[PDB]
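*Asks:* The numbering used here numbers the first residue of the sequence shown as 2 and each following residue consecutively. C-beta: ideal position from N, C-alpha, C; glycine also.
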Amino acid sequence: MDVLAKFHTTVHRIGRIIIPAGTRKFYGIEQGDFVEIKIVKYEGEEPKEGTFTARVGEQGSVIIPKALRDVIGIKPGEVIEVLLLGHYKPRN
């Protein structure tokens with residue numbers, strides 16, 4: 002489908018990952034904003050995927066839902082390719 006930005010990162014403890022500051026800048030992300038993103042990693046002969054919505058925290062960190070970590074079989078230190086799907090901003 003359509004992607005707003007594409008970057009690679011590996012999973013760290015608690016399922017947390019950090020986006021490179023370059024992608025945050027191109028995407029216009031600030032703390033408190035919401036973005037919608039999907040990850041894809043290949044294991045054995047079957048691809049595993051997961052899509053969720055996440056809020057931007059300090060240092061551009063975002064947390065994948067633990068439920069998707071287990072189904073996809075993802076472990077600390079493994080690199081996945083991440084695609085952005087959409088974005089939401091506060092309204093006044």
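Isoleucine 73 and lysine 49 - do their beta-carbons sit closer together than 9 Å?
*Replies:* Their beta carbons are under 9 Å apart, which means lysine 49 touches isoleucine 73 by this criterion.
*Asks:* Got a sec, what are the start and stop residues for the beta strand (DSSP E) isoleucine 18 sits in?
*Replies:* From DSSP, the beta strand (DSSP E) with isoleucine 18 extends over 17-19.
*Asks:* For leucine 5, does the three-state DSSP call read helix, strand or coil?
*Replies:* Coil.
*Asks:* Quick one: what's got a C-beta closer than 6 Å to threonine 52's C-beta in the same chain, skipping five residues either side?
*Replies:* Around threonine 52: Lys39.
*Asks:* Following the continuous alpha helix (DSSP H) through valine 72, name the residue where it begins and the one where it ends.
*Replies:* Here the alpha helix (DSSP H) through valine 72 covers 67-73.
*Asks:* Pop quiz: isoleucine 20 and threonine 10 are said to be a contact at Cβ under 8 Å. What is the actual Cβ separation, rounded to whole angstroms?
*Replies:* Confirmed, Cβ separation roughly 7 Å.
*Asks:* Grab me the residues of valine 80's own chain with a C-beta within less than 6 Å of its C-beta, minus the 5 sequence neighbours each way, in chain order.
*Replies:* So the list reads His9 and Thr11, once near-sequence residues are dropped.
*Asks:* Here's the rule I'm using: 16 or more other beta-carbon atoms within 10 Å means buried, otherwise exposed. How should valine 4 be labelled?
*Replies:* Per the 10 Å Cβ criterion, exposed.
*Asks:* Label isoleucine 30 either buried or exposed according to how many other C-beta atoms from any shown protein chain fall within 10 Å of its C-beta, with 16 as the threshold for buried.
*Replies:* That one is buried.
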